[PDB]
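J.: protein-v8.cif (mmCIF, C-alpha atoms; chains and numbers go by the auth columns) pasted underneath:
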data_run
#
loop_
_atom_site.group_PDB
_atom_site.id
_atom_site.type_symbol
_atom_site.label_atom_id
_atom_site.label_comp_id
_atom_site.label_asym_id
_atom_site.label_seq_id
_atom_site.Cartn_x
_atom_site.Cartn_y
_atom_site.Cartn_z
_atom_site.B_iso_or_equiv
_atom_site.auth_seq_id
_atom_site.auth_asym_id
ATOM 1 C CA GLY A 1 119.702 57.233 93.860 0.00 24 A
ATOM 2 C CA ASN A 2 118.234 60.723 93.491 0.00 25 A
ATOM 3 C CA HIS A 3 118.598 63.031 96.488 0.00 26 A
ATOM 4 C CA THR A 4 115.622 65.040 97.733 0.00 27 A
ATOM 5 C CA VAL A 5 115.708 68.688 98.768 0.00 28 A
ATOM 6 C CA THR A 6 113.084 69.898 101.263 0.00 29 A
ATOM 7 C CA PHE A 7 112.455 73.646 101.600 0.00 30 A
ATOM 8 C CA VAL A 8 111.032 74.841 104.944 0.00 31 A
ATOM 9 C CA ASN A 9 109.749 78.422 105.190 0.00 32 A
ATOM 10 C CA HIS A 10 110.161 79.669 108.772 0.00 33 A
ATOM 11 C CA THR A 11 110.926 83.267 107.737 0.00 34 A
ATOM 12 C CA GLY A 12 107.652 84.771 108.931 0.00 35 A
ATOM 13 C CA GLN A 13 106.533 85.740 105.414 0.00 36 A
ATOM 14 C CA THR A 14 105.866 84.168 102.031 0.00 37 A
ATOM 15 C CA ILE A 15 108.848 83.134 99.930 0.00 38 A
ATOM 16 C CA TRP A 16 109.050 82.433 96.198 0.00 39 A
ATOM 17 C CA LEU A 17 111.755 79.841 95.667 0.00 40 A
ATOM 18 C CA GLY A 18 114.317 80.447 92.955 0.00 41 A
ATOM 19 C CA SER A 19 117.226 78.502 91.569 0.00 42 A
ATOM 20 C CA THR A 20 120.222 79.100 89.345 0.00 43 A
ATOM 21 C CA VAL A 21 122.275 76.254 87.902 0.00 44 A
ATOM 22 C CA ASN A 22 125.843 76.118 86.654 0.00 45 A
ATOM 23 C CA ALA A 23 126.442 76.100 82.897 0.00 46 A
ATOM 24 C CA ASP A 24 127.530 72.443 83.029 0.00 47 A
ATOM 25 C CA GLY A 25 124.367 70.741 81.796 0.00 48 A
ATOM 26 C CA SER A 26 122.742 70.645 85.247 0.00 49 A
ATOM 27 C CA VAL A 27 118.988 70.342 84.765 0.00 50 A
ATOM 28 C CA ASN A 28 116.924 73.158 86.284 0.00 51 A
ATOM 29 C CA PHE A 29 113.382 72.635 87.517 0.00 52 A
ATOM 30 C CA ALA A 30 110.428 73.738 85.412 0.00 53 A
ATOM 31 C CA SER A 31 109.051 75.522 88.477 0.00 54 A
ATOM 32 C CA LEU A 32 109.807 75.928 92.159 0.00 55 A
ATOM 33 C CA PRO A 33 107.147 76.261 94.839 0.00 56 A
ATOM 34 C CA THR A 34 105.757 79.385 96.450 0.00 57 A
ATOM 35 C CA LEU A 35 105.633 78.838 100.229 0.00 58 A
ATOM 36 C CA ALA A 36 103.482 80.796 102.642 0.00 59 A
ATOM 37 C CA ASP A 37 104.921 81.151 106.137 0.00 60 A
ATOM 38 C CA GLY A 38 105.298 77.729 107.743 0.00 61 A
ATOM 39 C CA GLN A 39 104.773 75.760 104.535 0.00 62 A
ATOM 40 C CA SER A 40 107.247 73.338 102.993 0.00 63 A
ATOM 41 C CA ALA A 41 107.881 71.396 99.790 0.00 64 A
ATOM 42 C CA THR A 42 110.311 68.787 98.484 0.00 65 A
ATOM 43 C CA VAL A 43 111.882 68.356 95.050 0.00 66 A
ATOM 44 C CA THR A 44 113.952 65.506 93.622 0.00 67 A
ATOM 45 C CA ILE A 45 117.383 66.127 92.068 0.00 68 A
ATOM 46 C CA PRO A 46 117.588 64.246 88.709 0.00 69 A
ATOM 47 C CA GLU A 47 121.005 62.743 89.469 0.00 70 A
ATOM 48 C CA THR A 48 120.274 59.442 87.705 0.00 71 A
ATOM 49 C CA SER A 49 119.652 61.276 84.405 0.00 72 A
ATOM 50 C CA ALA A 50 122.192 62.898 82.121 0.00 73 A
ATOM 51 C CA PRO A 51 124.423 64.692 82.805 0.00 74 A
ATOM 52 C CA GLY A 52 124.634 62.774 86.097 0.00 75 A
ATOM 53 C CA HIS A 53 125.328 65.832 88.265 0.00 76 A
ATOM 54 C CA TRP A 54 123.543 68.935 89.568 0.00 77 A
ATOM 55 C CA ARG A 55 125.565 72.055 90.440 0.00 78 A
ATOM 56 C CA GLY A 56 123.428 74.985 91.496 0.00 79 A
ATOM 57 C CA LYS A 57 121.912 77.278 94.075 0.00 80 A
ATOM 58 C CA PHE A 58 118.548 77.733 95.805 0.00 81 A
ATOM 59 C CA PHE A 59 117.311 80.953 97.370 0.00 82 A
ATOM 60 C CA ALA A 60 114.195 82.611 98.739 0.00 83 A
ATOM 61 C CA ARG A 61 112.699 85.589 96.936 0.00 84 A
ATOM 62 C CA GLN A 62 110.850 87.907 99.311 0.00 85 A
ATOM 63 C CA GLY A 63 108.328 90.703 98.961 0.00 86 A
ATOM 64 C CA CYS A 64 107.066 89.631 95.549 0.00 87 A
ATOM 65 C CA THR A 65 104.143 91.474 93.953 0.00 88 A
ATOM 66 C CA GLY A 66 102.559 91.774 90.534 0.00 89 A
ATOM 67 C CA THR A 67 101.580 89.509 87.674 0.00 90 A
ATOM 68 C CA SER A 68 103.798 86.719 86.385 0.00 91 A
ATOM 69 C CA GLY A 69 105.092 87.434 82.886 0.00 92 A
ATOM 70 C CA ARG A 70 104.196 91.146 83.080 0.00 93 A
ATOM 71 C CA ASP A 71 105.266 93.111 86.197 0.00 94 A
ATOM 72 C CA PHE A 72 106.089 90.391 88.753 0.00 95 A
ATOM 73 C CA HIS A 73 108.904 91.609 90.965 0.00 96 A
ATOM 74 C CA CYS A 74 110.499 90.846 94.337 0.00 97 A
ATOM 75 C CA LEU A 75 112.177 93.137 96.872 0.00 98 A
ATOM 76 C CA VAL A 76 114.856 90.508 97.630 0.00 99 A
ATOM 77 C CA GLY A 77 116.394 88.041 95.198 0.00 100 A
ATOM 78 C CA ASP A 78 114.499 89.067 92.061 0.00 101 A
ATOM 79 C CA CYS A 79 115.407 86.910 89.079 0.00 102 A
ATOM 80 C CA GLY A 80 112.893 87.957 86.428 0.00 103 A
ATOM 81 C CA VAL A 81 109.230 88.480 85.761 0.00 104 A
ATOM 82 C CA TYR A 82 108.017 84.899 86.434 0.00 105 A
ATOM 83 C CA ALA A 83 106.715 83.681 89.788 0.00 106 A
ATOM 84 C CA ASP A 84 107.619 80.023 89.217 0.00 107 A
ATOM 85 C CA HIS A 85 111.104 80.115 87.650 0.00 108 A
ATOM 86 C CA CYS A 86 114.113 82.362 87.157 0.00 109 A
ATOM 87 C CA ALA A 87 114.576 84.003 83.766 0.00 110 A
ATOM 88 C CA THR A 88 117.790 85.821 84.793 0.00 111 A
ATOM 89 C CA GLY A 89 120.390 85.797 87.533 0.00 112 A
ATOM 90 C CA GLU A 90 119.145 86.734 90.980 0.00 113 A
ATOM 91 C CA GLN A 91 119.594 89.954 92.912 0.00 114 A
ATOM 92 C CA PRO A 92 121.752 89.497 96.039 0.00 115 A
ATOM 93 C CA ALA A 93 120.291 87.087 98.597 0.00 116 A
ATOM 94 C CA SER A 94 121.242 84.230 100.909 0.00 117 A
ATOM 95 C CA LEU A 95 122.117 81.085 98.946 0.00 118 A
ATOM 96 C CA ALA A 96 121.952 77.342 99.546 0.00 119 A
ATOM 97 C CA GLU A 97 124.583 75.869 97.214 0.00 120 A
ATOM 98 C CA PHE A 98 124.929 72.252 96.100 0.00 121 A
ATOM 99 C CA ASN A 99 127.163 69.969 94.044 0.00 122 A
ATOM 100 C CA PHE A 100 125.399 66.647 93.446 0.00 123 A
ATOM 101 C CA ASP A 101 127.691 64.419 91.391 0.00 124 A
ATOM 102 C CA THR A 102 127.309 60.679 90.770 0.00 125 A
ATOM 103 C CA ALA A 103 130.987 60.591 89.719 0.00 126 A
ATOM 104 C CA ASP A 104 132.262 62.022 93.037 0.00 127 A
ATOM 105 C CA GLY A 105 132.408 59.564 95.936 0.00 128 A
ATOM 106 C CA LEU A 106 132.385 62.451 98.432 0.00 129 A
ATOM 107 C CA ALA A 107 129.360 64.211 96.915 0.00 130 A
ATOM 108 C CA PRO A 108 126.907 65.799 97.527 0.00 131 A
ATOM 109 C CA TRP A 109 128.786 68.903 98.599 0.00 132 A
ATOM 110 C CA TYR A 110 126.787 71.720 100.146 0.00 133 A
ATOM 111 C CA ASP A 111 127.291 75.127 101.723 0.00 134 A
ATOM 112 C CA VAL A 112 125.448 78.290 102.685 0.00 135 A
ATOM 113 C CA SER A 113 126.736 81.414 100.968 0.00 136 A
ATOM 114 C CA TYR A 114 126.245 84.986 102.142 0.00 137 A
ATOM 115 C CA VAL A 115 128.874 86.156 99.643 0.00 138 A
ATOM 116 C CA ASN A 116 126.339 88.316 97.813 0.00 139 A
ATOM 117 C CA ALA A 117 124.044 89.161 100.735 0.00 140 A
ATOM 118 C CA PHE A 118 122.495 88.007 103.982 0.00 141 A
ATOM 119 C CA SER A 119 118.724 88.251 103.526 0.00 142 A
ATOM 120 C CA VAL A 120 117.422 85.377 105.681 0.00 143 A
ATOM 121 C CA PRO A 121 119.330 82.781 107.719 0.00 144 A
ATOM 122 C CA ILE A 122 119.753 79.406 106.016 0.00 145 A
ATOM 123 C CA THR A 123 120.644 76.019 107.453 0.00 146 A
ATOM 124 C CA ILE A 124 121.279 72.941 105.310 0.00 147 A
ATOM 125 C CA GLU A 125 120.965 69.696 107.197 0.00 148 A
ATOM 126 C CA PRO A 126 121.229 66.169 105.761 0.00 149 A
ATOM 127 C CA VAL A 127 118.356 63.687 105.952 0.00 150 A
ATOM 128 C CA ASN A 128 118.946 60.048 106.973 0.00 151 A
ATOM 129 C CA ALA A 129 122.694 60.577 107.276 0.00 152 A
ATOM 130 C CA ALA A 130 124.947 57.620 108.116 0.00 153 A
ATOM 131 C CA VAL A 131 128.192 59.069 109.468 0.00 154 A
ATOM 132 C CA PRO A 132 131.219 56.782 109.855 0.00 155 A
ATOM 133 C CA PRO A 133 132.392 56.546 113.477 0.00 156 A
ATOM 134 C CA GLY A 134 134.769 59.428 114.136 0.00 157 A
ATOM 135 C CA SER A 135 133.917 61.284 110.922 0.00 158 A
ATOM 136 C CA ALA A 136 132.730 64.890 111.100 0.00 159 A
ATOM 137 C CA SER A 137 131.071 64.702 107.684 0.00 160 A
ATOM 138 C CA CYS A 138 127.350 65.349 107.162 0.00 161 A
ATOM 139 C CA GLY A 139 127.458 68.475 109.294 0.00 162 A
ATOM 140 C CA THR A 140 124.858 71.216 109.198 0.00 163 A
ATOM 141 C CA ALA A 141 125.748 74.189 107.000 0.00 164 A
ATOM 142 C CA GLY A 142 124.741 77.682 108.082 0.00 165 A
ATOM 143 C CA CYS A 143 123.172 78.985 111.283 0.00 166 A
ATOM 144 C CA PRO A 144 119.605 79.898 112.307 0.00 167 A
ATOM 145 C CA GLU A 145 120.283 83.352 113.786 0.00 168 A
ATOM 146 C CA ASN A 146 119.044 86.490 112.039 0.00 169 A
ATOM 147 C CA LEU A 147 122.188 88.475 111.217 0.00 170 A
ATOM 148 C CA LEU A 148 120.499 91.557 109.724 0.00 171 A
ATOM 149 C CA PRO A 149 120.759 93.452 113.072 0.00 172 A
ATOM 150 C CA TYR A 150 124.571 93.088 112.925 0.00 173 A
ATOM 151 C CA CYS A 151 124.772 94.476 109.380 0.00 174 A
ATOM 152 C CA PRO A 152 127.028 97.515 108.908 0.00 175 A
ATOM 153 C CA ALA A 153 124.747 100.498 108.414 0.00 176 A
ATOM 154 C CA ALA A 154 126.159 101.256 104.957 0.00 177 A
ATOM 155 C CA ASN A 155 125.167 97.813 103.621 0.00 178 A
ATOM 156 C CA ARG A 156 121.557 97.699 104.870 0.00 179 A
ATOM 157 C CA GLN A 157 118.603 97.613 102.466 0.00 180 A
ATOM 158 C CA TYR A 158 115.051 98.513 103.441 0.00 181 A
ATOM 159 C CA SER A 159 111.612 97.793 102.082 0.00 182 A
ATOM 160 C CA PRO A 160 109.566 100.818 100.953 0.00 183 A
ATOM 161 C CA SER A 161 107.682 100.520 104.258 0.00 184 A
ATOM 162 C CA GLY A 162 110.942 100.985 106.190 0.00 185 A
ATOM 163 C CA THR A 163 111.716 97.407 107.272 0.00 186 A
ATOM 164 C CA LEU A 164 115.289 96.107 107.204 0.00 187 A
ATOM 165 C CA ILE A 165 115.191 93.257 104.684 0.00 188 A
ATOM 166 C CA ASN A 166 118.683 92.721 103.307 0.00 189 A
ATOM 167 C CA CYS A 167 122.398 93.179 103.953 0.00 190 A
ATOM 168 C CA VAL A 168 124.430 93.404 100.739 0.00 191 A
ATOM 169 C CA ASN A 169 128.142 92.622 100.560 0.00 192 A
ATOM 170 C CA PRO A 170 130.017 95.718 99.301 0.00 193 A
ATOM 171 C CA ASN A 171 132.982 93.603 98.116 0.00 194 A
ATOM 172 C CA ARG A 172 132.325 89.932 97.377 0.00 195 A
ATOM 173 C CA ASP A 173 136.012 89.179 96.750 0.00 196 A
ATOM 174 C CA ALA A 174 137.785 90.637 99.800 0.00 197 A
ATOM 175 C CA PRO A 175 137.213 90.766 103.569 0.00 198 A
ATOM 176 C CA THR A 176 135.079 93.700 104.701 0.00 199 A
ATOM 177 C CA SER A 177 133.327 94.801 107.860 0.00 200 A
ATOM 178 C CA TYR A 178 130.327 93.056 106.280 0.00 201 A
ATOM 179 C CA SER A 179 132.111 89.702 106.120 0.00 202 A
ATOM 180 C CA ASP A 180 133.671 90.264 109.557 0.00 203 A
ATOM 181 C CA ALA A 181 130.229 90.538 111.159 0.00 204 A
ATOM 182 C CA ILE A 182 128.808 87.534 109.281 0.00 205 A
ATOM 183 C CA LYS A 183 131.809 85.307 110.014 0.00 206 A
ATOM 184 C CA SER A 184 131.874 86.377 113.669 0.00 207 A
ATOM 185 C CA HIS A 185 128.259 85.256 114.117 0.00 208 A
ATOM 186 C CA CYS A 186 128.203 82.240 111.751 0.00 209 A
ATOM 187 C CA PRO A 187 131.548 80.739 110.662 0.00 210 A
ATOM 188 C CA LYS A 188 129.612 77.894 108.996 0.00 211 A
ATOM 189 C CA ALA A 189 128.953 79.801 105.749 0.00 212 A
ATOM 190 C CA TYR A 190 130.755 81.773 103.061 0.00 213 A
ATOM 191 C CA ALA A 191 130.859 85.501 103.795 0.00 214 A
ATOM 192 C CA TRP A 192 133.276 86.325 100.954 0.00 215 A
ATOM 193 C CA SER A 193 134.278 84.403 97.865 0.00 216 A
ATOM 194 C CA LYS A 194 137.688 83.079 98.981 0.00 217 A
ATOM 195 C CA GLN A 195 136.883 82.345 102.637 0.00 218 A
ATOM 196 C CA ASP A 196 137.447 78.649 101.949 0.00 219 A
ATOM 197 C CA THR A 197 141.179 79.424 101.641 0.00 220 A
ATOM 198 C CA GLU A 198 141.363 80.827 105.182 0.00 221 A
ATOM 199 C CA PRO A 199 142.943 78.365 107.630 0.00 222 A
ATOM 200 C CA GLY A 200 140.413 76.872 110.012 0.00 223 A
ATOM 201 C CA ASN A 201 137.392 77.923 107.940 0.00 224 A
ATOM 202 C CA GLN A 202 134.149 75.934 108.223 0.00 225 A
ATOM 203 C CA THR A 203 132.559 76.879 104.908 0.00 226 A
ATOM 204 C CA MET A 204 132.240 73.554 103.081 0.00 227 A
ATOM 205 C CA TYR A 205 130.295 70.396 103.885 0.00 228 A
ATOM 206 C CA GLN A 206 129.690 67.053 102.210 0.00 229 A
ATOM 207 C CA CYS A 207 127.650 63.963 103.045 0.00 230 A
ATOM 208 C CA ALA A 208 128.226 60.862 100.937 0.00 231 A
ATOM 209 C CA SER A 209 125.497 58.798 102.691 0.00 232 A
ATOM 210 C CA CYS A 210 122.167 60.625 103.006 0.00 233 A
ATOM 211 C CA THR A 211 118.872 60.532 101.132 0.00 234 A
ATOM 212 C CA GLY A 212 118.473 64.301 100.866 0.00 235 A
ATOM 213 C CA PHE A 213 118.658 67.667 102.581 0.00 236 A
ATOM 214 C CA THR A 214 116.452 70.042 104.541 0.00 237 A
ATOM 215 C CA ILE A 215 116.936 73.714 103.663 0.00 238 A
ATOM 216 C CA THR A 216 115.341 75.866 106.353 0.00 239 A
ATOM 217 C CA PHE A 217 114.885 79.599 105.778 0.00 240 A
ATOM 218 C CA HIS A 218 114.823 80.876 109.339 0.00 241 A
ATOM 219 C CA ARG A 219 113.027 83.715 111.097 0.00 242 A
ATOM 220 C CA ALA A 220 114.033 87.067 109.618 0.00 243 A
ATOM 221 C CA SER A 221 111.647 89.484 111.350 0.00 244 A
#
Could you write out this file's structure as structure tokens?

T.:
Amino acid sequence: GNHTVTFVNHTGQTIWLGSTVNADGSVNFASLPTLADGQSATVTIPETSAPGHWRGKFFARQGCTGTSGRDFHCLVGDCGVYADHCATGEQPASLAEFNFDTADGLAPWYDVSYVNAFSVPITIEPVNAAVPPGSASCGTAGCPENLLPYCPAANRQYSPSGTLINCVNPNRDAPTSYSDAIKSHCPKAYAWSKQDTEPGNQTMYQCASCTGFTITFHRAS
């Protein structure tokens, strides 16, 4: 069947959901919801339709102002001038990444990625999971703790009003003091692109027997 994805906004401010999909035929949504603090919404992944898989990323855009189609713009994760969908790639932000695949008996795969940035904490937790006895599958990806306070000073980004709102990886492809701090506080997420080749890493998750996922964007201020 088709998996559901529930977005839960616990950040403390409004988020404008965005998504980017791989160039493999994965079908992107016409629009993704805007969530005031505390609100939630659920979408349905069209797995049963061609091409039978969905490889892509969800993220929260923050600090959005202006008019859609004209000057709409976000302080974190901007992906174009439209409030309801991405016209371009996104500026660096926390990512919830998925590989739904009806041809992969281990899918869906999921992970939290701070490779580009840590903006808000993300957890990805399966819904109605049936874990085989002894299996450690269907784990929760990511951690709830706000990691902005542990950001190296050189990688911090501030709102015009002076609030710390983002922590941007200076080198996505090699360990840095940025990735050291992220990994030290949450080993359950990507902090740099090839972390999943480190022995003992806890970056990747899959759950072959669930009805969907809950993506929670946790408190960030």

J.: Please evaluate the PyMOL selection byres ((chain A and resi 168-175) around 7) against the displayed coordinates and give the resulting residues as a list in words.

T.: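 Residues picked by the PyMOL selection byres ((chain A and resi 168-175) around 7): residues 143, 144, 166, 167, 176, 177, 178, 179, 189, 190, 200, 201, 204, 205, 242 and 243 of chain A.
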
J.: I would like the residues chosen by the PyMOL selection byres ((chain A and resi 62) around 9) on the shown file; could you give them as a short mmCIF file (atom, residue, chain, number, x, y, z; two decimals) with C-alpha atoms, in the coordinates of the input?

T.:
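To be explicit, this is the file written out as selection.cif:
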data_model
loop_
_atom_site.label_atom_id
_atom_site.label_comp_id
_atom_site.auth_asym_id
_atom_site.auth_seq_id
_atom_site.Cartn_x
_atom_site.Cartn_y
_atom_site.Cartn_z
CA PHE A 30 112.46 73.65 101.60
CA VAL A 31 111.03 74.84 104.94
CA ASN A 32 109.75 78.42 105.19
CA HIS A 33 110.16 79.67 108.77
CA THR A 37 105.87 84.17 102.03
CA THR A 57 105.76 79.39 96.45
CA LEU A 58 105.63 78.84 100.23
CA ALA A 59 103.48 80.80 102.64
CA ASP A 60 104.92 81.15 106.14
CA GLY A 61 105.30 77.73 107.74
CA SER A 63 107.25 73.34 102.99
CA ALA A 64 107.88 71.40 99.79
#

J.: So, with only C-alpha atoms as the atoms that count, which of A:35, A:41, A:79, A:155 lies closest to residue 97 (chain A)?

T.: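 Looking at the shortest contact to residue 97 (chain A), the residue is A:41.
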
J.: So that I can check the surroundings of residue 215 (chain A), please list as a list in words every protein, DNA and RNA residue that reaches within 8 Å of it, counting only C-alpha atoms and ignoring chain neighbours fewer than 3 positions away.

T.: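 Non-adjacent residues within range: residues 137, 138, 139, 194, 195, 196, 197, 198, 202 and 218 of chain A.
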
J.: Between A:239, A:142, A:151, A:158, which one has atoms that come closest to residue 114 (chain A), using all atoms listed in the file?

T.: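 Closest candidate: A:142.
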
J.: Applied to the shown file, which residues does the PyMOL selection byres ((chain A and resi 234) around 7) return, written as a PyMOL selection string?

T.: chain A and resi 26-27+150-151+233+235

J.: Looking at A:67, A:85, A:51, A:136, which one is nearest to residue 216 (chain A), with distances taken over only C-alpha atoms?

T.: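 For residue 216 (chain A), the nearest of the given residues is A:136.
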
J.: To test the calculation: enclose all listed atoms of region 183-192 of chain A in a box whose edges run along x, y and z, add 8 Å on each side, then state centre and edge lengths in Å to one decimal, as lines of an AutoDock Vina configuration file.

T.:
center_x = 117.9
center_y = 96.8
center_z = 103.9
size_x = 36.5
size_y = 24.4
size_z = 22.7

J.: Enter the distance from CA of residue 236 (chain A) to CA of residue 101 (chain A), in Å, rounded to one decimal.

T.: 24.2 Å

J.: What's around residue 131 (chain A) at 6 Å? Count all atoms listed in the file, leave out sequence neighbours fewer than 5 positions away in its own chain, and write the answer as number ranges by chain.

T.: A: 122-123, 229-230

J.: Calculate how many Å separate CA of residue 217 (chain A) from CA of residue 77 (chain A), rounding to one decimal.

T.: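 These two atoms are separated by 22.1 Å.
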
J.: For a quick check of understanding, using only C-alpha atoms, which of A:165, A:183, A:157, A:149 has the smallest distance to residue 214 (chain A)?

T.: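 Smallest separation from residue 214 (chain A) among the options: A:165.
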
J.: Quick one, how far is CA of residue 38 (chain A) from CA of residue 208 (chain A)?

T.: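 Here the two named atoms are 24.1 Å from each other.
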
J.: May I have the protein, DNA and RNA residues with an atom at most 8 Å from (124.2, 64.2, 85.6), counting only C-alpha atoms in the file's coordinates, returned as a ChimeraX atom specification?

T.: /A:48-49,69-77,124-125

J.: With C-alpha atoms retained, could you export that selection as a PDB file, keeping the file's coordinate frame?

T.:
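And here's part.pdb as it stands now:
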ATOM      1  CA  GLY A  48     124.367  70.741  81.796  1.00  0.00           C
ATOM      2  CA  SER A  49     122.742  70.645  85.247  1.00  0.00           C
ATOM      3  CA  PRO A  69     117.588  64.246  88.709  1.00  0.00           C
ATOM      4  CA  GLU A  70     121.005  62.743  89.469  1.00  0.00           C
ATOM      5  CA  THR A  71     120.274  59.442  87.705  1.00  0.00           C
ATOM      6  CA  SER A  72     119.652  61.276  84.405  1.00  0.00           C
ATOM      7  CA  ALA A  73     122.192  62.898  82.121  1.00  0.00           C
ATOM      8  CA  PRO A  74     124.423  64.692  82.805  1.00  0.00           C
ATOM      9  CA  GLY A  75     124.634  62.774  86.097  1.00  0.00           C
ATOM     10  CA  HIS A  76     125.328  65.832  88.265  1.00  0.00           C
ATOM     11  CA  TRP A  77     123.543  68.935  89.568  1.00  0.00           C
ATOM     12  CA  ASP A 124     127.691  64.419  91.391  1.00  0.00           C
ATOM     13  CA  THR A 125     127.309  60.679  90.770  1.00  0.00           C
TER      14      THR A 125
END

J.: Using all atoms listed in the file for the distances, tell me which of A:99, A:212, A:109, A:231 is nearest to residue 147 (chain A).

T.: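 Of all the options, A:212 lies closest to residue 147 (chain A).
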
J.: Please provide the set of residues having any atom within 9 Å of residue 52 (chain A), restricted to only C-alpha atoms, with same-chain residues fewer than 6 positions apart removed, written as a PyMOL selection string.

T.: chain A and resi 42+66+68+108

J.: Those residues you just picked out, can you put them in a file as an mmCIF file, in the coordinates of the input with C-alpha atoms?

T.:
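What ended up in part_2.cif:
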data_model
loop_
_atom_site.group_PDB
_atom_site.id
_atom_site.type_symbol
_atom_site.label_atom_id
_atom_site.label_comp_id
_atom_site.auth_asym_id
_atom_site.auth_seq_id
_atom_site.Cartn_x
_atom_site.Cartn_y
_atom_site.Cartn_z
ATOM 1 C CA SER A 42 117.226 78.502 91.569
ATOM 2 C CA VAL A 66 111.882 68.356 95.050
ATOM 3 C CA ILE A 68 117.383 66.127 92.068
ATOM 4 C CA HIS A 108 111.104 80.115 87.650
#

J.: Which of these residues is nearest to residue 47 (chain A), using all atoms listed in the file: A:241, A:209, A:29, A:78?

T.: A:78
